[PDB]
Amino acid sequence: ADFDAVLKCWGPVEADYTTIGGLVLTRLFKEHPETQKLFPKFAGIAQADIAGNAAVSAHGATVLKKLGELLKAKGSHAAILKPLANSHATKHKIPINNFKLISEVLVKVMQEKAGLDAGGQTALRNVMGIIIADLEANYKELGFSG
Ligand code: HEM
C-alpha cells in the first residue's frame with residue numbers, strides 16, 4: 001500500500017529524473033557534507049558548483065530510477081534490493097546511516113517539488129524505512145554491523 005501511495009506523487013520525479021536527481025544529491029552534499037566524500041567522483045567539488053554539475057545530476061537520476069523501479073515492481077523486491085546492499089556494503093563502502101540521510105533529503109525535495117502532503121510523507125517514510133531495514137539486514141549477512 002505505501003509503495004502505491006508514493007506513486008501518487010511520483011509524476012514530477014519521473015518527469016525529470018535528472019533535474020530532481022540533481023536537487024537530491026546537491027541537497028545531500030550541502031546538508032551532510034561528509035556524504036560527498038563517499039562519492040570519490042564528486043568529492044572535493046565546491047558546494048556552489050554542485051547544482052549545475054551534469055555528472056552529479058546524472059547519478060541522481062540513477063538513484064531515483066532505482067527507487068522508481070522498486071515502487072513500480074510487481075515482482076520480488078528482494079531481487080532489486082539485495083544487489084543494492086551488496087554493492088553499497090562491499091564496493092562503495094557506505095555506512096547504513098547515510099541511507100537515512102538521503103531519505104530525509106528526498107522527503108524534503110518531494111515536499112517542495114512533488115506536492116508531497118502529510119499522508120504522502122508518511123507513506124514515503126514507511127517505504128524508505130522498509131528499504132533501509134532491508135539494506136541493513138543484507139549488510140549484516142555480509143558481515144557489516146558498523
Ligand atoms: C535511495 C538510496 C540509494 C539508492 C537507490 C542508490 C542507488 C545506486 C545505484 C543504482 C548505483 C549504481 C551502481 C550500483 O548498483 O551499486 C549506485 C552507486 C553508488 N552509490 Fe548509491 N544509492 C543510494 C544511496 C547511496 C548513498 C546514501 C551513498 C553515499 C552516501 C551512495 C553511494 C554510491 C556510490 C559511491 C556509488 C558509485 C558511483 C559511481 O562510482 O559511479 N549511494 N547507487
# chains A, B, ... in the order shown; residues from 1 in each chain; ligands from 1
call {"tool": "select_by_dssp", "arguments": {"residues": "chain A", "states": "helix (DSSP H, G or I)", "output": "PyMOL selection string"}}
result
chain A and resi 2-7+11-15+17-31+33-38+47-49+54-72+78-90+97-113+118-141
call {"tool": "residues_near_ligand", "arguments": {"ligand": "ligand 1", "cutoff": "6 Å", "atoms": "only C-alpha atoms and all ligand atoms", "output": "number ranges by chain"}}
result
A: 35, 38-39, 62-63, 66-67, 84, 87-88, 92, 94, 98-99, 102
call {"tool": "write_last_selection", "arguments": {"atoms": "C-alpha atoms", "output": "PDB file, in the first residue's frame"}}
result
ATOM      1  CA  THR A  35      28.490  12.187   2.425  1.00  0.00           C
ATOM      2  CA  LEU A  38      31.760   8.841  -0.039  1.00  0.00           C
ATOM      3  CA  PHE A  39      31.494   9.653  -3.785  1.00  0.00           C
ATOM      4  CA  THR A  62      20.342   6.638 -11.455  1.00  0.00           C
ATOM      5  CA  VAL A  63      19.323   6.724  -7.788  1.00  0.00           C
ATOM      6  CA  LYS A  66      16.205   2.650  -8.948  1.00  0.00           C
ATOM      7  CA  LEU A  67      13.674   3.892  -6.388  1.00  0.00           C
ATOM      8  CA  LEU A  84      21.935  -2.725  -3.921  1.00  0.00           C
ATOM      9  CA  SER A  87      27.333  -3.109  -3.904  1.00  0.00           C
ATOM     10  CA  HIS A  88      26.907  -0.397  -1.278  1.00  0.00           C
ATOM     11  CA  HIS A  92      31.037   1.709  -2.272  1.00  0.00           C
ATOM     12  CA  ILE A  94      28.623   3.240   2.613  1.00  0.00           C
ATOM     13  CA  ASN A  98      23.698   7.519   5.116  1.00  0.00           C
ATOM     14  CA  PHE A  99      20.620   5.916   3.688  1.00  0.00           C
ATOM     15  CA  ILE A 102      19.321  10.650   1.782  1.00  0.00           C
TER      16      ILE A 102
END
call {"tool": "closest_residue", "arguments": {"among": "A:142, A:48, A:131, A:1", "to": "residue 80 in chain A", "atoms": "only C-alpha atoms"}}
result
A:131
call {"tool": "atom_distance", "arguments": {"atom1": "CA of residue 132 in chain A", "atom2": "CA of residue 116 in chain A"}}
result
20.4 Å
call {"tool": "atom_distance", "arguments": {"atom1": "CA of residue 37 in chain A", "atom2": "CA of residue 81 in chain A"}}
result
23.5 Å
call {"tool": "residues_around", "arguments": {"residues": "residue 127 in chain A", "least_positions_apart": "6", "cutoff": "12 Å", "atoms": "only C-alpha atoms", "output": "list in words"}}
result
residues 1, 2, 3, 4, 5, 6, 7, 67, 68, 70, 71, 77, 100, 103, 106, 107, 120, 121, 133 and 134 of chain A
call {"tool": "atom_distance", "arguments": {"atom1": "CA of residue 141 in chain A", "atom2": "CA of residue 36 in chain A"}}
result
26.4 Å
call {"tool": "closest_residue", "arguments": {"among": "A:21, A:11, A:60, A:143", "to": "residue 86 in chain A", "atoms": "only C-alpha atoms"}}
result
A:143
call {"tool": "closest_residue", "arguments": {"among": "A:32, A:113, A:140, A:125", "to": "residue 47 in chain A", "atoms": "only C-alpha atoms"}}
result
A:32
call {"tool": "closest_residue", "arguments": {"among": "A:75, A:115, A:146, A:44", "to": "residue 89 in chain A", "atoms": "only C-alpha atoms"}}
result
A:146
call {"tool": "residues_around", "arguments": {"residues": "residue 20 in chain A", "least_positions_apart": "3", "cutoff": "9 Å", "atoms": "only C-alpha atoms", "output": "mmCIF file with N, CA, C and O atoms, in the first residue's frame"}}
result
data_model
loop_
_atom_site.group_PDB
_atom_site.id
_atom_site.type_symbol
_atom_site.label_atom_id
_atom_site.label_comp_id
_atom_site.auth_asym_id
_atom_site.auth_seq_id
_atom_site.Cartn_x
_atom_site.Cartn_y
_atom_site.Cartn_z
ATOM 1 N N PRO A 12 6.055 14.096 -10.898
ATOM 2 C CA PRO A 12 7.074 15.117 -11.134
ATOM 3 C C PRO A 12 8.503 14.644 -10.999
ATOM 4 O O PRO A 12 9.408 15.296 -11.469
ATOM 5 N N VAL A 13 8.695 13.550 -10.269
ATOM 6 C CA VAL A 13 10.022 12.973 -10.107
ATOM 7 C C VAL A 13 10.422 12.287 -11.408
ATOM 8 O O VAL A 13 11.446 12.622 -12.017
ATOM 9 N N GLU A 14 9.575 11.343 -11.837
ATOM 10 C CA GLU A 14 9.793 10.588 -13.069
ATOM 11 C C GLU A 14 9.752 11.479 -14.325
ATOM 12 O O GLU A 14 10.318 11.122 -15.343
ATOM 13 N N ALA A 15 9.113 12.639 -14.243
ATOM 14 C CA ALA A 15 9.083 13.598 -15.360
ATOM 15 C C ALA A 15 10.472 14.113 -15.661
ATOM 16 O O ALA A 15 10.731 14.475 -16.810
ATOM 17 N N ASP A 16 11.332 14.210 -14.653
ATOM 18 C CA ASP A 16 12.665 14.760 -14.864
ATOM 19 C C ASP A 16 13.602 14.210 -13.815
ATOM 20 O O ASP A 16 13.996 14.863 -12.851
ATOM 21 N N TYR A 17 13.967 12.973 -14.016
ATOM 22 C CA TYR A 17 14.819 12.273 -13.048
ATOM 23 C C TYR A 17 16.175 12.950 -12.885
ATOM 24 O O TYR A 17 16.769 12.960 -11.826
ATOM 25 N N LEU A 23 18.816 17.831 -7.679
ATOM 26 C CA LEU A 23 18.366 18.518 -6.459
ATOM 27 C C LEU A 23 18.631 17.675 -5.231
ATOM 28 O O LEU A 23 19.060 18.161 -4.183
ATOM 29 N N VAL A 24 18.353 16.374 -5.332
ATOM 30 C CA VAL A 24 18.551 15.472 -4.196
ATOM 31 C C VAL A 24 20.015 15.408 -3.789
ATOM 32 O O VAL A 24 20.348 15.564 -2.622
ATOM 33 N N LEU A 25 20.887 15.109 -4.736
ATOM 34 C CA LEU A 25 22.305 14.950 -4.370
ATOM 35 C C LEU A 25 22.916 16.287 -3.952
ATOM 36 O O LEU A 25 23.731 16.330 -3.023
ATOM 37 N N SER A 57 23.942 15.301 -11.409
ATOM 38 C CA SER A 57 22.540 15.117 -11.742
ATOM 39 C C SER A 57 22.309 13.768 -12.407
ATOM 40 O O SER A 57 21.295 13.119 -12.122
ATOM 41 N N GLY A 60 22.220 11.233 -9.711
ATOM 42 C CA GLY A 60 20.954 11.353 -9.007
ATOM 43 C C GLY A 60 19.820 10.703 -9.758
ATOM 44 O O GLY A 60 18.948 10.082 -9.160
ATOM 45 N N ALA A 61 19.810 10.815 -11.076
ATOM 46 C CA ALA A 61 18.817 10.130 -11.907
ATOM 47 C C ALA A 61 18.938 8.614 -11.726
ATOM 48 O O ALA A 61 17.930 7.934 -11.648
ATOM 49 N N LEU A 64 17.229 7.797 -8.409
ATOM 50 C CA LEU A 64 15.782 7.922 -8.429
ATOM 51 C C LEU A 64 15.140 6.899 -9.358
ATOM 52 O O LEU A 64 14.047 6.416 -9.040
ATOM 53 N N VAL A 109 12.716 17.249 -0.734
ATOM 54 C CA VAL A 109 12.651 17.602 -2.146
ATOM 55 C C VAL A 109 11.260 17.276 -2.710
ATOM 56 O O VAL A 109 10.714 18.082 -3.477
ATOM 57 N N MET A 110 10.645 16.170 -2.307
ATOM 58 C CA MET A 110 9.289 15.855 -2.781
ATOM 59 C C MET A 110 8.226 16.780 -2.171
ATOM 60 O O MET A 110 7.234 17.092 -2.825
ATOM 61 N N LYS A 113 8.835 19.902 -4.549
ATOM 62 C CA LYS A 113 8.762 19.738 -5.990
ATOM 63 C C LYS A 113 7.648 18.811 -6.439
ATOM 64 O O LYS A 113 7.364 18.759 -7.642
#
